[PDB]
Each structure stands twice: as C-alpha cells, then as structure tokens.
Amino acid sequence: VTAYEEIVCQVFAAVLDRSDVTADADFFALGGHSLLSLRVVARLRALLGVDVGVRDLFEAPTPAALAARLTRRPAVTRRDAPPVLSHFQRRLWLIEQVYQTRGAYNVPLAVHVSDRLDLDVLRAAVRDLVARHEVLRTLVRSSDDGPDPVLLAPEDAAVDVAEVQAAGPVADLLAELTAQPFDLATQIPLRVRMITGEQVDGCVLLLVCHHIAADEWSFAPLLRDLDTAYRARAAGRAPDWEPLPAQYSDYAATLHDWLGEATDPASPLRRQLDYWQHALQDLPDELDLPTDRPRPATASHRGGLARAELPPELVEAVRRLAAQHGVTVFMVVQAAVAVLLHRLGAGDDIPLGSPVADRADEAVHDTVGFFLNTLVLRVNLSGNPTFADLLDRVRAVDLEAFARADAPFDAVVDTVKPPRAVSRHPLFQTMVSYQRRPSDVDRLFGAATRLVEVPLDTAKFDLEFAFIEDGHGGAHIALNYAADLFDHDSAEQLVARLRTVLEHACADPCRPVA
C-alpha cells in the first residue's frame, strides 16, 4: 500500500510548510525539530486512526519508514533457485485462459528518442535487462493443474527486438503493437520495438511487457536499467550494476509462505478473506449504468482510451483539496468517480475496483514485476452527503481495505461467490486508480527523451479511470472503456463529466453529491 506513505508526506509538507517532501527525506533534515514532532504525531493519529507516538517518528524519520512502521511479515530473502509463480502471475495467466483478452493484459511503455538508437546496441541492452531480471525471462507453461514456471537461462532467453517502419500516424501503430499476443509458454513476456519513419523525428522506443512480468510501477526501473545497459554497450562494455536485492520469485516465495493456507483459521489469508466476505456481502452483481449498447454475452475486451487533460490549476486544487481533508489524491478521484456513477443512476452502493501495490519491502520497491493486487472499495453514498463527508467515508473504507490488501482477488471472488458470468468482471466493473509516471526520464540514452501516450484498442473492465501524473508536473484523466458498451464520444463525455465533478468539488466541498 502507498496511501500511508502519501499521507505521511503531506503531513510532513503541512507541518514543515515545505513543498519538496520525498519518501526518503529525513524529517529533521528537512527542518523539523522536537516541537514540530508533536504536530506530525497528532495529525497522523487523526488521519490514519492508528496509535502513533513521538518515538515512532524518531525511530522512523522518513515518510517511507514511518508509514511501514505504522502498518509479522518476514522480509524478502534471496534464494539455481527454482522459480515461484506469484498469485498475481497465476491470476494473470488465468485471465488469458478464460477470455480472449486481445492483448488487454499487455502493458506498453513508449519513449520518444530524439535520435534513432542503434538496433544492435539496443538488442544487447535488452539481453542485459532480461539477464538481470529473471521475471522477464520466466516462461509459464500450461500443465494439468494450471501454470508452471520455467526460467530460461540468459543464453537461452531469445529476446524480441526489432525495428518497425511507421508509414501510418505512429500513435495508432503503438496500439496495435501493444496488443500483439504473447505466447507465455514459448516467448519471454517482453517485446521491444523501435519505430522509425519519415514522420518520426528520431525514433520511438516501445517496450511491450505482459503484465505477468511487470506493472505500471515497473516503468522507472525498466527505463533506468535499459538506459544504463544501452549506454554501457554503446561504450563497448557490459553494464556494471549493484546486484539486485531480490528476484521476483524471492518475493513470491516469501509472500506465499506468509499468506498461509485458506484452511488455517489463523493464517493472514483466511483472516483477510473473512473480512472481505463480510465487507462485500449483499453486493450488487452489476451497477445500472447508461450504456450505448447492452452488455453482450461475452466481454470481447475491445476498448478505447478517452483522455481528459487537466489544467495545472485544477491539479493543484485537487492536491490542496486532498491535503485539506486529510485524504490522498486517489481518494478524491475515487470519491469523484463514485459521485459520477451515483449521478448516472447507479445507486448508493458503489463498488469500485482499485489496484494496490505490494511494494512495501525495500527489496522490491524499485524492481520489475507485477505487485498490483485488485481491491473492491465499496463506498456508500446514502444520506445525500457532501463531498467533504464523502471524503471521510472513502478514507474509512480505503484504510480498512488497505489493511487487508494481501488476500488475492481471485480468492476474494471465491469466498464472496458472486453470480459468475463471462459477460462482466466479478464484484466490480469500474476501476479507479492513481498513477505516477517516472520522473527524470527526459535525458535517457544520451539524447532527449519523453514518455509517449499509447492509445489502447483493448479494455479490461466496463470502465477504468486513471488519474495519471506524467512525472513532470502535468496530469490527465484516462478512461479505458469497453467498446462493447460505450461509444468513443460517450466516453469522452464521461471523462469530461469526471473533470467537472472534481472542479466542483475543489471549488466547494460542501455541496451535496446529488
């Protein structure tokens, strides 16, 4: 979970009257002292509702260490250790067997480079990246009882690096290259394409990963390691890196041993499952939402991407609104989405899905892998509350849920036992997330670089709203919608309505949600 770290950050910022609080910054180095520690403790007790003391701040003076302290799980330890498929990976493999996802669970990473890179040096750099991170060369075979991992040696890991000439626009080409299917049993879950053309000034570097090997949080380590490996091979040298604290299989083995078995009543898995069974009781099968077409018998996973650019003034107003009411920016976006669905006639019981990153352990905080568990955040909007009252409801719902974020979502589905159907995702069909793209990626590969948005031809749910920060000040709302249900114009209107909800909430949080 990251919400604790963000809350401690804004409490640091407010108490210090300071606007450069990072996760690893020391409280006393930023200008804090003993008297100011009282305000940090008091504010963290009122916001997180956990017993915090002055001693906790002195022993854990950074927002990352303090957040971890405030939340018995063994640390990740290293282990030719055999690969261990995490429950995320098994569930991601499973969704490709249940549905034809059309590449919806491929994650893209597109970087425009002012110079056309050297394909041979790039291929060598990718081989080094694949050799460093075992999860990028871990195959998944379908056996009798399900998935079985196969780790390829670096010499046997045949990388997929190629140059593609773009006659067409270039943004449409990225969509289609992203959705190209992976054969998880034979091909490594990483494809690399270099797009050049007469309309492409320089080149566009596209990293297509299957989610089984990487989440959106892996963008920073992927780019950093690929940059250092490219600049080393360009200089005729193997990259010289500090060894990895752990591979993904180390994290997976540690997590599953600590999770325990669902039959053990005292295991963390069972105790968290019992919470979700009660928290998700009498859940709506599906929210009644106005769609352009009725739900088809099978979710085709066809989709589009509607974007809403946010003005910098609104982004800061959202930041100010979050710090004002003691909630994270995600909680404001999640409350705004709930208001939007409520005003569309969905009712007072709004279950929204949301990803929660399991990157608290410092050995996996900056590593490549999939750490996003899916949680059902069930917010109630009865009693015609104000947006401020809703922000308090959302925080109470989120913090209670974030304390049980380790139960695998597939196990949660199995315990809640909703009416199953391949026409819809279970327990929720609208997901909301807050994402931050990597910062300081403007001067990579010895050139000028910038992340490029990839329009998607796929969708995982009915609706997926993401508050995406680009890493260099800007922010925008992305709505990944199912084309089976919504036309592109309807999605564009939906995301513009979400921005209006936020603008109205920042202006006056005392207005009723109705």
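When you see a residue number, it is the position in the sequence shown, counting from 1.
Per the records, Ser354 is modelled in every other compared entry, just as the shown structure includes it, so no third of them leave it out. Across the other PDB entries of this protein whose models span the neighbouring residues, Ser142 is modelled without exception, so it is unmodelled in far fewer than a third.
The entry models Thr71 and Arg72 with a gap of 4 to 9 deposited residues left without coordinates. Where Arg79 is followed by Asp80 in the displayed chain, the model omits 1 to 3 of the deposited residues that sit between the two.
Higher mean CA B-factor, judged across 352 to 360 and 439 to 447 from the recorded values: 439 to 447.
Stretches 461 to 469 and 42 to 50 differ in mean CA B factor, with 42 to 50 having the higher one. Looking only at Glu313, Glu96, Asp398, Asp406, the residue with the top Cα B factor in the deposited structure is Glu313. The maximum CA B-factor among the listed residues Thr263, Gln272, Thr374, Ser86, taken from the PDB record, is found at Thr263.
Residue-level temperature factors show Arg231 in the highest third of its chain, judged at the C-alpha atom.
In the PDB entry, a CA B factor belonging to the lowest third of its chain's modelled residues is recorded for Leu340.
Placement of the Cα temperature factor of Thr291 within the chain: middle third of the modelled residues, per the deposited record.
The entry lists a Cα temperature factor for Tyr251 that places it in the lowest third of the chain's modelled residues. When the CA B factors of the chain's modelled residues are split into thirds, the value for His365 lands in the highest one.
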